[PDB]
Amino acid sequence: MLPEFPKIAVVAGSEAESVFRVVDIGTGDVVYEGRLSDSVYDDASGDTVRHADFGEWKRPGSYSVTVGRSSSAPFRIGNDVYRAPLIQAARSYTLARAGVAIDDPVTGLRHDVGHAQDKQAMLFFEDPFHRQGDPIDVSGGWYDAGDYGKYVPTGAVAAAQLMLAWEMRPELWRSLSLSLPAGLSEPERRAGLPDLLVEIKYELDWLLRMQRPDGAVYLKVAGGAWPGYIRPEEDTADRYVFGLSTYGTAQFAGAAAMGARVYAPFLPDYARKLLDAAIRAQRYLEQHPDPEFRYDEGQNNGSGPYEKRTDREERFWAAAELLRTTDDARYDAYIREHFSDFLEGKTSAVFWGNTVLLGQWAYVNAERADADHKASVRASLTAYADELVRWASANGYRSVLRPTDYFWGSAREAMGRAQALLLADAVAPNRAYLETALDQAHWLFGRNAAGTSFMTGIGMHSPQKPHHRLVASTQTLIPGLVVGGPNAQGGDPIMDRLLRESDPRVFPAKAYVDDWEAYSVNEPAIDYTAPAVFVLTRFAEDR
């Protein structure tokens, strides 16, 4: 917990108690005694919960909350408390790199070069630039999740969210070491690039390799079958380039246009390479206005589908990010002609299937965007943020999730909503936005009905058996990874059995188990961790 922010312990049950005591563990002295709030039933969990509010106690230290016969696990009040998880989450991307050997003394993660054969991955179909089966260098980038596939939509959206974390607090990140393992990114490190930007560039370099000469971008790199729980160097099967999509082409353009701005102070040639690539993608999109999602039979036999057959929110982001980076007012005209609805509303949390908020954020920060339309976008952001505050303020776990939000990726959604609250705070400062965003980090780290952190390596309870082939094959804890979170819709054989056999039925906020095969709730992904990095950036102490 931070000294200057709200402090509530959430207690499920304990209906009969009326007071609580905050005890300094080092002295045994009570530093704060108060009355518990009234018990209130929580629809998503089935829990009856109340609060111990001790926000006025601000002294750093280690404490426990006593209620009746029980005392909480120790917790910290301190200014420094979110720096370590931020660092862990950010450097988890390094440990997810494809195409390199890793020997990390921090975690002990060690593996030989994985997927070197991505340097000659075979195109799964014929296109105007390559025969079916022709090799393409699509090496590098990050493994997506617990598998070894590499997918443009989540790679672009994750890279963009990490770049927005950079832009939120560049001076924090300039002095933040990710303890990059030996041999990695040696030219970038010799050049003094901040470690976060070194890591993001590994993914941008790969995204650039997924673009064809006409500007369009392929969908993903993977094999024809899912590997077992094996080290990446053991996954020697042929690799393929699959798919072609307009929404992924637009997401690439958004990420590359953002990277052009972010990298320009450091690497003028690389920044211009990114911008030219972004504009080639945008020009492909302007010349091919209809959505496309290419599907060849078999392309999902060994990798996730990431299918979206419309693309408006992503085309909007591409154009708005280009507007922000280039200051070319022709992009404002284009946006106003085709995407006026996104200038007047429809804010929703960022994820790979809807980047409208990345576009809205670019637009409101664009010097050459129309002023009245920037005002409209700010109001869309604050209306959405106000709704999140209303929900969370009345929720016993101070959660921005409703019972119907417990589907695949709920933990991402909590942190994406927290991200939206912080973007709203940037355009229209409001302490409630900042506090509610921080409440979602409290939730993520275990203040929730499932009684577990959804970030590895953090919390009294955390995921120990994430559906993750590197963790499983090396039996090595990688901290800072965010798993999907509770999901009442099923999707893997463990959760499917739990949900169908349970009587009474599982409450949605508890639809979670820590098991290797529970991949509908317990698989980490780069686009789950990315909004958590963004949110923690705001609350990490600088030095």
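All residue numbers are counted from 1 along the displayed sequence.
J.: Comparing 110-118 with 252-260, where is the mean C-alpha B-factor higher?
T.: Stretch with the higher mean C-alpha B-factor: 110-118.
J.: Looking at the deposited entry, does 28-36 or 470-478 carry the larger mean Cα B-factor?
T.: In the deposited entry, the stretch with the higher C-alpha B-factor mean is 28-36.
J.: Out of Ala281, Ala271, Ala333, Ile230, which shows the largest CA B-factor listed in the entry?
T.: Across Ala281, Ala271, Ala333, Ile230, the entry lists the biggest C-alpha B-factor for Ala333.
J.: From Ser348, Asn395, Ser139, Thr436, pick the one with the largest CA B-factor in the entry?
T.: Largest recorded C-alpha B-factor: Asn395.
J.: Would you check the entry's CA temperature factor for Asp43 and let me know if it's in the chain's lowest, middle or highest third?
T.: As the PDB entry reports it, the C-alpha B-factor of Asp43 lands in the middle third of its chain.
J.: Lowest, middle or highest third of the chain for the C-alpha temperature factor of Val67?
T.: Its C-alpha B-factor belongs to the highest third of this chain's values.
J.: Based on the entry's values, in what third of the chain does the Cα temperature factor of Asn300 lie: lowest, middle or highest?
T.: Middle third - that is where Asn300 ends up once the chain's C-alpha B-factors are sorted.
J.: Taking the values exactly as deposited, rank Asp515 by C-alpha B-factor within its chain and report the matching third: lowest, middle or highest.
T.: It belongs to the lowest third of the chain when residues are ordered by C-alpha B-factor.
J.: Among the modelled residues of its chain, does the C-alpha B-factor of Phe454 lie in the lowest, middle or highest third?
T.: Tercile = lowest for this residue's CA B-factor.
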